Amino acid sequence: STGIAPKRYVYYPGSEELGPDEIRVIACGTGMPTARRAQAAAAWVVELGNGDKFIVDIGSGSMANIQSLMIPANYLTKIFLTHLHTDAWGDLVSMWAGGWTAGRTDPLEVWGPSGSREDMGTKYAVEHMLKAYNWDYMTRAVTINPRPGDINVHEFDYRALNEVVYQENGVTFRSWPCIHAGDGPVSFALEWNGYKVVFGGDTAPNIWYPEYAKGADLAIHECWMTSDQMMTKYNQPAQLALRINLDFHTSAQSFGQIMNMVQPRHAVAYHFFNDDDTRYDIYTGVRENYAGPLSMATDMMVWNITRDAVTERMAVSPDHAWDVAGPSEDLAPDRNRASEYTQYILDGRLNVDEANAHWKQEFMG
């Protein structure tokens, strides 16, 4: 009566203790290159039982969903990018900037593939994102000590076949290639404490995923909208709309083929618009070849991985979100940085003393 309701049928972010032998995966974006309030672009939050937390992809729009988990910014410092599509990493800037004012005190750590040359790789990309936002950076840095505005980039060969790219505190990430637009993109396997979660990213059907994702607890893979849907919605000629499901993208039928090969405890289809008139065709495509546990992902779906089961719930999270304070500590600023104001601009100040008099007076007692 006055007690707490156990095993809730929805995930309320911040309301639940994580078990030492438990993973929590939250889809903070499941969408497309088209922006949509119901679906941010691809983003995954992993919370391990040992207190380690990772983001895999941080697409355009995902930061709103990520900020809604009531997780302090200092705990969301490690970011893996499958690839360098705006719809895979475009909110990294919002996580760099917003997280910093939210009181991150550590640099961002970013693991992402190379390309076929320096300027098609993750290091080039991050380096120039930081030059793009130089004004934000210098103006911020005069006051706030600049350490957390660092991004340490760990680039790995996109070509490598299931090679470790991260080994720390009992946690392994391995990568392997995808086939998606051009050379560069990868899939991630996260291994910890008996478990294995697989982040496909984006790819046409490839020989590497079905091999290295085998027997995962949670397998995530591109599952595209049908050729019929492509023709109804984007008004594509049948030949173009066919090509999209065979050459550019993993079809639902293809997705089911791969998860039949993988044999996960739980499969996840993402990277399609989950509407009242698309999802059923795509579910049917999958079920042609795969009959095991299947999630049809949308924004703020959550997976609990225990020894017993893989549980799918929806997260009920605050739309009117706020930064939530962490156990970190005020770092000691930098009184050796050059101010970015001229006196021509500071001579613009408006005398507002008389309008602010009444509230300024009550406020100081």
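From 1 onward, residues are counted along the sequence shown.
Participant: Going by the B-factors listed in the PDB entry, is the mean over the C-alpha atoms higher for 142-150 or for 256-264?
Facilitator: For C-alpha atoms only, the mean B-factor is higher in 142-150.
Participant: Regarding 84-92 and 238-246, which shows the higher C-alpha temperature factor on average in the entry?
Facilitator: Higher mean C-alpha B-factor in the PDB entry: 238-246.
Participant: Checking the record values for 304, 39, 328, 339, which has the greatest CA B factor?
Facilitator: Reading the PDB entry, the winner on C-alpha B-factor is 328.
Participant: According to the Cα B-factor stored in this entry, which of the following is highest: 189, 129, 230, 108?
Facilitator: Among 189, 129, 230, 108, the PDB entry lists the largest C-alpha B-factor for 230.
Participant: For residue 59, return the chain-relative third of its C-alpha B-factor as stated in the PDB record: lowest, middle or highest.
Facilitator: Lowest third of the chain for residue 59's C-alpha B-factor.
Participant: Report the third (lowest, middle or highest) to which the CA temperature factor of residue 117 belongs, ranking only the modelled residues of the same chain.
Facilitator: CA B-factor rank for residue 117: lowest third.
Participant: Taking the values exactly as deposited, rank residue 75 by C-alpha B-factor within its chain and report the matching third: lowest, middle or highest.
Facilitator: It belongs to the middle third of the chain when residues are ordered by C-alpha B-factor.
Participant: Based on the deposited C-alpha B factors for this chain, I'd like to know if residue 35 is in the lowest, middle or highest third.
Facilitator: CA B-factor rank for residue 35: middle third.
Participant: When the modelled residues of the chain are sorted by Cα temperature factor, does residue 311 land in the lowest, middle or highest third?
Facilitator: Answer is highest: the recorded C-alpha B-factor places it there.
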